[PDB]
$ cat start26.txt   # compact mmCIF, C-alpha atoms and all ligand atoms
# COMPACT_ATOMS: atom_id res chain seq x y z
CA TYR F 450 99.29 20.70 91.91
CA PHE F 451 99.36 24.50 92.10
CA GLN F 452 95.75 24.47 90.90
CA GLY F 453 95.23 22.24 93.91
CA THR F 454 96.70 24.60 96.44
CA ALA F 455 95.02 27.53 94.77
CA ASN F 456 91.56 26.00 94.69
CA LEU F 457 91.90 25.04 98.34
CA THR F 458 92.83 28.59 99.22
CA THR F 459 89.87 30.12 97.41
CA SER F 460 87.45 27.56 98.82
CA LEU F 461 88.72 28.33 102.26
CA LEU F 462 88.66 32.12 101.77
CA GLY F 463 85.12 31.84 100.53
CA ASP F 464 84.00 30.23 103.77
CA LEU F 465 85.98 32.73 105.82
CA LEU F 466 84.57 35.81 104.07
CA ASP F 467 81.05 34.54 104.66
CA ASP F 468 81.80 33.95 108.41
CA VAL F 469 83.34 37.42 108.79
CA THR F 470 80.42 39.15 107.07
CA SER F 471 78.16 37.32 109.45
CA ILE F 472 80.25 38.30 112.45
CA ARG F 473 80.16 41.96 111.50
CA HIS F 474 76.42 41.94 111.11
CA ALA F 475 76.02 40.46 114.58
CA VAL F 476 78.31 43.01 116.14
CA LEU F 477 76.31 45.82 114.65
CA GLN F 478 73.01 44.29 115.86
CA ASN F 479 74.69 43.96 119.27
CA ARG F 480 75.65 47.69 119.18
CA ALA F 481 72.09 48.68 118.23
CA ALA F 482 70.81 46.67 121.19
CA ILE F 483 73.28 48.37 123.49
CA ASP F 484 72.13 51.80 122.36
CA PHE F 485 68.54 50.98 123.09
CA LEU F 486 69.57 49.99 126.61
CA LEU F 487 71.61 53.21 127.10
CA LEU F 488 68.53 55.09 125.92
CA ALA F 489 66.43 53.37 128.59
CA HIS F 490 68.90 54.60 131.20
CA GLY F 491 68.47 58.11 129.91
CA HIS F 492 71.85 58.07 128.15
CA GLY F 493 72.78 58.74 124.48
CA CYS F 494 75.30 56.73 122.47
CA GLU F 495 77.70 59.63 122.92
CA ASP F 496 78.07 58.57 126.54
CA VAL F 497 79.93 55.41 125.54
CA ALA F 498 83.06 55.17 123.38
CA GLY F 499 82.13 54.03 119.86
CA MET F 500 78.46 53.38 120.51
CA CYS F 501 77.19 55.88 117.92
CA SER F 502 79.31 54.39 115.18
CA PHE F 503 77.82 51.82 112.77
CA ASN F 504 80.31 52.33 109.97
CA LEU F 505 82.83 49.64 110.67
CA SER F 506 85.60 48.72 108.28
CA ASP F 507 83.48 47.31 105.53
CA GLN F 508 85.79 46.60 102.63
CA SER F 509 83.15 44.06 101.57
CA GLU F 510 82.83 45.59 98.10
CA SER F 511 86.52 45.40 97.38
CA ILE F 512 86.92 41.90 98.78
CA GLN F 513 84.05 40.28 96.85
CA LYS F 514 85.29 41.59 93.50
CA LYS F 515 88.91 40.46 94.23
CA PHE F 516 87.62 37.11 95.41
CA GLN F 517 85.65 36.70 92.17
CA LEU F 518 88.68 37.75 90.14
CA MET F 519 90.78 35.25 92.05
CA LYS F 520 88.44 32.33 91.46
CA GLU F 521 88.01 33.08 87.78
CA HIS F 522 91.80 33.33 87.49
CA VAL F 523 92.56 30.33 89.65
CA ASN F 524 89.94 27.94 88.22
CA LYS F 525 89.93 28.78 84.46
CA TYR G 450 109.83 29.34 96.24
CA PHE G 451 106.18 28.40 95.77
CA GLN G 452 106.49 26.25 98.89
CA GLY G 453 107.62 29.50 100.48
CA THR G 454 104.61 31.52 99.47
CA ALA G 455 102.33 28.63 100.26
CA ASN G 456 103.70 27.99 103.73
CA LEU G 457 103.45 31.69 104.52
CA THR G 458 99.83 31.69 103.44
CA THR G 459 98.88 28.71 105.58
CA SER G 460 100.78 30.05 108.58
CA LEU G 461 98.98 33.31 108.21
CA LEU G 462 95.55 31.71 107.68
CA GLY G 463 96.11 29.62 110.76
CA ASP G 464 96.55 32.71 112.90
CA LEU G 465 93.58 34.41 111.27
CA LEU G 466 91.19 31.48 111.76
CA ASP G 467 92.11 31.35 115.44
CA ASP G 468 91.47 35.14 115.81
CA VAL G 469 88.11 34.90 114.02
CA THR G 470 86.95 31.96 116.13
CA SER G 471 87.85 34.00 119.15
CA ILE G 472 86.01 37.05 117.86
CA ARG G 473 82.85 35.06 117.24
CA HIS G 474 82.88 33.60 120.71
CA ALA G 475 83.16 37.08 122.21
CA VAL G 476 80.30 38.40 120.14
CA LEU G 477 78.08 35.61 121.30
CA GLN G 478 79.04 36.19 124.96
CA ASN G 479 78.30 39.88 124.32
CA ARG G 480 74.82 38.96 122.93
CA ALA G 481 74.09 36.75 125.95
CA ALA G 482 75.00 39.66 128.23
CA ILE G 483 72.72 41.96 126.28
CA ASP G 484 69.81 39.57 126.66
CA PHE G 485 70.24 39.41 130.38
CA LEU G 486 70.07 43.20 130.48
CA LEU G 487 66.92 43.28 128.27
CA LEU G 488 65.44 40.74 130.66
CA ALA G 489 66.15 43.06 133.61
CA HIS G 490 64.21 45.79 131.80
CA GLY G 491 61.29 43.43 131.44
CA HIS G 492 62.00 42.85 127.74
CA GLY G 493 62.58 39.60 125.77
CA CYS G 494 65.19 39.12 123.06
CA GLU G 495 62.38 39.38 120.54
CA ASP G 496 62.22 43.09 121.30
CA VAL G 497 65.59 43.67 119.63
CA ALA G 498 66.60 42.71 116.09
CA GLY G 499 68.79 39.60 116.16
CA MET G 500 69.09 39.29 119.92
CA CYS G 501 67.52 35.82 120.12
CA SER G 502 69.88 34.40 117.53
CA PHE G 503 73.05 32.55 118.62
CA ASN G 504 73.53 30.60 115.42
CA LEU G 505 75.93 32.78 113.53
CA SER G 506 77.65 31.72 110.34
CA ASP G 507 79.82 29.02 111.79
CA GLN G 508 81.48 27.29 108.89
CA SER G 509 84.15 26.31 111.43
CA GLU G 510 83.82 22.61 110.61
CA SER G 511 84.34 23.10 106.91
CA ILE G 512 87.21 25.55 107.34
CA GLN G 513 89.28 23.43 109.75
CA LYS G 514 89.15 20.37 107.50
CA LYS G 515 90.09 22.44 104.37
CA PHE G 516 92.84 24.14 106.34
CA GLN G 517 94.23 20.74 107.39
CA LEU G 518 93.97 19.48 103.82
CA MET G 519 95.78 22.59 102.64
CA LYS G 520 98.67 22.23 105.06
CA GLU G 521 99.13 18.54 104.38
CA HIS G 522 99.10 19.33 100.65
CA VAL G 523 101.26 22.42 100.88
CA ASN G 524 103.91 21.06 103.28
CA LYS G 525 104.33 17.40 102.17
CA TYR I 450 100.56 33.80 86.30
CA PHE I 451 101.50 32.57 89.77
CA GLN I 452 102.54 36.15 90.58
CA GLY I 453 98.99 36.94 89.55
CA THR I 454 97.31 34.53 91.90
CA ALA I 455 99.73 35.44 94.65
CA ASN I 456 99.25 39.18 94.36
CA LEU I 457 95.49 38.71 94.36
CA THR I 458 95.73 36.66 97.52
CA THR I 459 97.83 39.21 99.37
CA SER I 460 95.65 42.10 98.21
CA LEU I 461 92.63 40.25 99.43
CA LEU I 462 94.22 39.23 102.76
CA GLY I 463 95.22 42.81 103.31
CA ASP I 464 91.62 43.96 103.09
CA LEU I 465 90.46 41.09 105.28
CA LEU I 466 93.00 41.71 108.05
CA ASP I 467 91.96 45.35 108.19
CA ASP I 468 88.23 44.36 108.44
CA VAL I 469 88.94 41.82 111.19
CA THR I 470 91.01 44.27 113.23
CA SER I 471 88.13 46.66 112.95
CA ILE I 472 85.61 44.03 113.98
CA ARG I 473 87.60 43.13 117.07
CA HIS I 474 87.86 46.72 118.16
CA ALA I 475 84.10 47.12 117.88
CA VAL I 476 83.43 44.00 119.88
CA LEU I 477 85.63 45.23 122.66
CA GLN I 478 83.93 48.66 122.67
CA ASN I 479 80.62 46.76 122.75
CA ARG I 480 81.84 44.74 125.81
CA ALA I 481 82.94 47.93 127.60
CA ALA I 482 79.48 49.38 126.99
CA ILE I 483 77.86 46.26 128.36
CA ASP I 484 79.92 46.45 131.53
CA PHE I 485 78.88 50.01 132.15
CA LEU I 486 75.26 48.90 131.87
CA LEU I 487 75.80 45.94 134.27
CA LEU I 488 77.39 48.43 136.64
CA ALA I 489 74.27 50.62 136.49
CA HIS I 490 72.22 47.59 137.51
CA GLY I 491 74.48 47.10 140.49
CA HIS I 492 76.24 44.13 138.88
CA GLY I 493 79.97 43.50 138.19
CA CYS I 494 81.37 41.96 135.01
CA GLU I 495 81.86 38.75 136.98
CA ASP I 496 78.10 38.29 136.89
CA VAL I 497 78.18 37.60 133.15
CA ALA I 498 80.27 34.97 131.34
CA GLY I 499 83.25 36.63 129.65
CA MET I 500 82.34 40.22 130.41
CA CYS I 501 85.51 40.98 132.39
CA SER I 502 87.75 39.75 129.61
CA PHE I 503 89.25 42.23 127.10
CA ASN I 504 92.14 40.06 126.01
CA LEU I 505 90.75 38.40 122.94
CA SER I 506 92.84 36.34 120.57
CA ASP I 507 94.99 39.11 119.22
CA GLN I 508 97.61 37.49 117.05
CA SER I 509 97.79 40.87 115.31
CA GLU I 510 101.55 41.14 115.86
CA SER I 511 102.29 37.80 114.29
CA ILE I 512 99.92 38.30 111.38
CA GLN I 513 101.20 41.73 110.31
CA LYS I 514 104.83 40.58 110.19
CA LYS I 515 103.90 37.40 108.19
CA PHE I 516 101.74 39.49 105.89
CA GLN I 517 104.66 41.87 105.28
CA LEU I 518 107.00 38.94 104.70
CA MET I 519 104.49 37.47 102.28
CA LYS I 520 104.12 40.63 100.22
CA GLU I 521 107.84 41.26 100.05
CA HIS I 522 108.31 37.63 98.97
CA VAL I 523 105.37 37.55 96.58
CA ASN I 524 105.96 40.92 94.87
CA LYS I 525 109.79 41.14 94.62
CL CL T 1 79.73 42.39 119.87
$ encode --input "start26.txt" --output "structure tokens"
Amino acid sequence: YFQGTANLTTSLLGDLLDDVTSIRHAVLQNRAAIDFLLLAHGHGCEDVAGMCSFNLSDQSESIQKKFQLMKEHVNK
Amino acid sequence: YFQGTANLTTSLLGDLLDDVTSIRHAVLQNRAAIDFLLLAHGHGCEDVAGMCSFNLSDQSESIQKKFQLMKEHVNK
Amino acid sequence: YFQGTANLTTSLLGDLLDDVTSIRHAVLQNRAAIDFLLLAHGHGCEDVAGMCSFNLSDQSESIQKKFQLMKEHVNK
């Protein structure tokens, strides 16, 4: 049914949001590690494109609320 | 039609799953590279937040099967 | 309505595509940083699994056009 397709979509998006959140966290831990290494070479994060930045696209707020709204709409 | 919207959604999700899988793999290769560098400074991965961990959110199993179920449901 | 579910889905996918694009960019900047460090140890990217590669799964073209087609179809 349409409820079928819809519920599959939200289930799937749920899993995918959680994997992407997890990916982002790892990338930022990786960047922090990199900056410690640059430090130990006597270099600052400014010596490497992007390495000072820890404010990635983080539309996490927006996505969680829309996801909730979608579920509540799709499964009620 | 609804089949239209649905088939666009699964096509798109297909591409996105493949890009996210690929991203995760790269992040884990990046972390492995980092740990080799920490090693060469005489440090262990325990000296850097997260650097020992290679078990990221990996709901890949779950997502592939739901994706398959969605396609088969959406396009049959 | 179905337009409801649909418009929520595209809004959400929009945010997610933008976050994933942003993630990928960061991972590639992280890899570039890593390679500079390997260099400073007298090693080439060939000494570390994946570190030479900057051509990640990048189905960005395909996804943007399908996303556009989906919106135009879903919200018209
Ligand atoms: Cl990374």
$ closest_residue --input "start26.txt" --among "G:497, G:518, G:472, G:466" --to "chain I" --atoms "only C-alpha atoms"
G:472
$ closest_residue --input "start26.txt" --among "I:517, I:501, I:477, I:509" --to "ligand CL 1 (chain T)" --atoms "all atoms listed in the file"
I:477
$ residues_near_ligand --input "start26.txt" --ligand "ligand CL 1 (chain T)" --cutoff "9 Å" --atoms "all atoms listed in the file" --output "count of residues only"
24
$ calpha_fit_and_write --input "start26.txt" --fixed "chain F" --moving "chain I" --output "short mmCIF file (atom, residue, chain, number, x, y, z; two decimals) with C-alpha atoms, in the coordinates of the input"
data_model
loop_
_atom_site.label_atom_id
_atom_site.label_comp_id
_atom_site.auth_asym_id
_atom_site.auth_seq_id
_atom_site.Cartn_x
_atom_site.Cartn_y
_atom_site.Cartn_z
CA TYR I 450 99.29 20.70 91.91
CA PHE I 451 99.36 24.50 92.10
CA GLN I 452 95.74 24.47 90.90
CA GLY I 453 95.23 22.24 93.91
CA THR I 454 96.70 24.60 96.44
CA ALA I 455 95.02 27.54 94.77
CA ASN I 456 91.56 26.01 94.69
CA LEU I 457 91.90 25.04 98.34
CA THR I 458 92.82 28.59 99.22
CA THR I 459 89.88 30.12 97.41
CA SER I 460 87.45 27.56 98.82
CA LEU I 461 88.72 28.32 102.26
CA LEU I 462 88.66 32.12 101.77
CA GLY I 463 85.12 31.84 100.53
CA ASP I 464 84.00 30.23 103.77
CA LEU I 465 85.98 32.73 105.82
CA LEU I 466 84.57 35.81 104.07
CA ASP I 467 81.05 34.53 104.66
CA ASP I 468 81.80 33.95 108.41
CA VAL I 469 83.34 37.42 108.79
CA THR I 470 80.42 39.15 107.07
CA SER I 471 78.17 37.32 109.45
CA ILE I 472 80.25 38.30 112.46
CA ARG I 473 80.16 41.96 111.50
CA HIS I 474 76.42 41.95 111.12
CA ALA I 475 76.02 40.46 114.58
CA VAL I 476 78.31 43.01 116.14
CA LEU I 477 76.31 45.81 114.65
CA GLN I 478 73.02 44.29 115.86
CA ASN I 479 74.69 43.95 119.27
CA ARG I 480 75.65 47.69 119.18
CA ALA I 481 72.09 48.69 118.23
CA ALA I 482 70.81 46.67 121.19
CA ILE I 483 73.27 48.37 123.49
CA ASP I 484 72.13 51.80 122.36
CA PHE I 485 68.53 50.98 123.09
CA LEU I 486 69.57 49.99 126.60
CA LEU I 487 71.61 53.22 127.10
CA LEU I 488 68.54 55.09 125.92
CA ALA I 489 66.42 53.37 128.59
CA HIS I 490 68.90 54.60 131.20
CA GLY I 491 68.47 58.12 129.91
CA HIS I 492 71.85 58.07 128.15
CA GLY I 493 72.77 58.74 124.48
CA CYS I 494 75.30 56.73 122.47
CA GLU I 495 77.71 59.63 122.93
CA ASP I 496 78.07 58.57 126.55
CA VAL I 497 79.93 55.41 125.54
CA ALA I 498 83.06 55.18 123.37
CA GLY I 499 82.12 54.03 119.87
CA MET I 500 78.46 53.37 120.50
CA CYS I 501 77.19 55.88 117.92
CA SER I 502 79.31 54.39 115.18
CA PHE I 503 77.82 51.81 112.76
CA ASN I 504 80.31 52.33 109.97
CA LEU I 505 82.83 49.64 110.67
CA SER I 506 85.60 48.73 108.28
CA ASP I 507 83.48 47.31 105.52
CA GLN I 508 85.79 46.60 102.63
CA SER I 509 83.16 44.06 101.57
CA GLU I 510 82.83 45.59 98.10
CA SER I 511 86.52 45.39 97.37
CA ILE I 512 86.92 41.90 98.78
CA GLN I 513 84.06 40.28 96.85
CA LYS I 514 85.29 41.59 93.50
CA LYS I 515 88.92 40.46 94.23
CA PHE I 516 87.62 37.11 95.41
CA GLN I 517 85.65 36.70 92.17
CA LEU I 518 88.67 37.75 90.13
CA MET I 519 90.77 35.25 92.05
CA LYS I 520 88.44 32.33 91.46
CA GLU I 521 88.00 33.09 87.79
CA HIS I 522 91.80 33.34 87.49
CA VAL I 523 92.56 30.32 89.65
CA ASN I 524 89.94 27.94 88.22
CA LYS I 525 89.93 28.78 84.46
#
$ closest_residue --input "start26.txt" --among "F:488, F:468, F:463, F:450" --to "residue 504 (chain G)" --atoms "all atoms listed in the file"
F:468
$ atom_distance --input "start26.txt" --atom1 "CA of residue 514 (chain G)" --atom2 "CA of residue 470 (chain G)"
14.6 Å
$ residues_around --input "start26.txt" --residues "residue 464 (chain F)" --least-positions-apart "4" --cutoff "7 Å" --atoms "all atoms listed in the file" --output "MDAnalysis selection string"
(chainID F and resid 460 468) or (chainID G and resid 508 512)
$ closest_residue --input "start26.txt" --among "I:474, I:458, I:465, I:453" --to "residue 502 (chain F)" --atoms "all atoms listed in the file"
I:474
$ residues_near_point --input "start26.txt" --point "(80.2, 46.6, 131.8)" --cutoff "9 Å" --atoms "only C-alpha atoms" --output "ChimeraX atom specification"
/I:480-489,492-494,500-501
$ closest_residue --input "start26.txt" --among "G:495, G:516, G:524, G:510" --to "chain F" --atoms "all atoms listed in the file"
G:516
$ closest_residue --input "start26.txt" --among "F:513, F:471, F:456, F:506" --to "chain I" --atoms "all atoms listed in the file"
F:506
$ residues_around --input "start26.txt" --residues "residue 523 (chain I)" --least-positions-apart "3" --cutoff "7 Å" --atoms "all atoms listed in the file" --output "MDAnalysis selection string"
(chainID G and resid 454) or (chainID I and resid 452 455:456 519:520)
$ atom_distance --input "start26.txt" --atom1 "CA of residue 507 (chain G)" --atom2 "CA of residue 522 (chain G)"
24.3 Å
$ atom_distance --input "start26.txt" --atom1 "CA of residue 461 (chain G)" --atom2 "CA of residue 462 (chain F)"
12.2 Å
$ decode --input "start26.txt" --residues "region 471-507 of chain I" --atoms "C-alpha atoms" --output "PDB file, in the first residue's frame"
ATOM      1  CA  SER I 471      29.753  18.637   2.911  1.00  0.00           C
ATOM      2  CA  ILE I 472      30.957  15.462   4.590  1.00  0.00           C
ATOM      3  CA  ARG I 473      32.664  14.262   1.433  1.00  0.00           C
ATOM      4  CA  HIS I 474      34.470  17.536   0.973  1.00  0.00           C
ATOM      5  CA  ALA I 475      35.802  17.352   4.521  1.00  0.00           C
ATOM      6  CA  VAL I 476      37.004  13.806   4.084  1.00  0.00           C
ATOM      7  CA  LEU I 477      38.920  14.760   1.006  1.00  0.00           C
ATOM      8  CA  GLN I 478      40.497  17.781   2.763  1.00  0.00           C
ATOM      9  CA  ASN I 479      41.360  15.380   5.600  1.00  0.00           C
ATOM     10  CA  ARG I 480      43.044  12.985   3.082  1.00  0.00           C
ATOM     11  CA  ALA I 481      45.034  15.856   1.538  1.00  0.00           C
ATOM     12  CA  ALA I 482      46.238  16.812   5.020  1.00  0.00           C
ATOM     13  CA  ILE I 483      47.250  13.242   5.711  1.00  0.00           C
ATOM     14  CA  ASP I 484      49.295  13.092   2.530  1.00  0.00           C
ATOM     15  CA  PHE I 485      51.185  16.209   3.437  1.00  0.00           C
ATOM     16  CA  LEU I 486      52.065  14.601   6.765  1.00  0.00           C
ATOM     17  CA  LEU I 487      53.184  11.330   5.074  1.00  0.00           C
ATOM     18  CA  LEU I 488      55.316  13.483   2.796  1.00  0.00           C
ATOM     19  CA  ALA I 489      56.974  15.102   5.828  1.00  0.00           C
ATOM     20  CA  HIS I 490      57.881  11.626   7.064  1.00  0.00           C
ATOM     21  CA  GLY I 491      59.494  10.896   3.737  1.00  0.00           C
ATOM     22  CA  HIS I 492      56.602   8.675   2.626  1.00  0.00           C
ATOM     23  CA  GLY I 493      54.370   8.834  -0.501  1.00  0.00           C
ATOM     24  CA  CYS I 494      50.619   8.267  -0.530  1.00  0.00           C
ATOM     25  CA  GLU I 495      51.322   4.842  -2.008  1.00  0.00           C
ATOM     26  CA  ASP I 496      52.584   3.791   1.408  1.00  0.00           C
ATOM     27  CA  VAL I 497      49.072   3.934   2.860  1.00  0.00           C
ATOM     28  CA  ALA I 498      45.968   2.140   1.570  1.00  0.00           C
ATOM     29  CA  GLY I 499      43.748   4.592  -0.321  1.00  0.00           C
ATOM     30  CA  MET I 500      45.726   7.732   0.414  1.00  0.00           C
ATOM     31  CA  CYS I 501      46.430   8.571  -3.245  1.00  0.00           C
ATOM     32  CA  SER I 502      42.780   8.358  -4.184  1.00  0.00           C
ATOM     33  CA  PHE I 503      40.638  11.531  -4.325  1.00  0.00           C
ATOM     34  CA  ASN I 504      37.971  10.157  -6.625  1.00  0.00           C
ATOM     35  CA  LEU I 505      35.372   8.983  -4.183  1.00  0.00           C
ATOM     36  CA  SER I 506      31.915   7.855  -5.205  1.00  0.00           C
ATOM     37  CA  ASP I 507      30.620  11.164  -6.408  1.00  0.00           C
TER      38      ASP I 507
END
